[PDB]
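This report concerns only the one structure given below.
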Amino acid sequence: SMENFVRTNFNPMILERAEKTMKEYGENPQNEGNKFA
């Protein structure tokens with residue numbers, strides 16, 4: 000998983016913020032791995 004990678008490297012508050020601005024975008028963290036990085 001490209002999504003799983005992202006959990007390790009990035010801290011709490013960015014992980015949180017990243018998914019938020021990703022649902023706004025219209026897509027879930029799973030469907031887009033490289034775009035979540």
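The sequence shown begins at 0 in PDB author numbering and counts up one residue at a time. By construction, the Cβ of each residue, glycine as well, lies at the ideal position given by its N, Cα and C atoms.
Whole-angstrom distance between residue j and residue i, CA atom to CA atom
| i | j | result |
| --- | --- | --- |
| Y24 | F9 | 20 Å |
| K22 | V5 | 17 Å |
| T7 | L14 | 10 Å |
| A17 | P11 | 10 Å |
Same chain only: Cβ atoms within 7 Å of residue i, ignoring 5 sequence neighbours per side
| i | result |
| --- | --- |
| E2 | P28, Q29, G32, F35 |
8 Å Cβ cutoff, residue i in contact with chain D
| i | result |
| --- | --- |
| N27 | This model lacks chain D altogether; it includes just one protein chain. |
Close beta carbons around residue i, own chain, < 6 Å, minus the five adjacent residues each side
| i | result |
| --- | --- |
| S0 | none |
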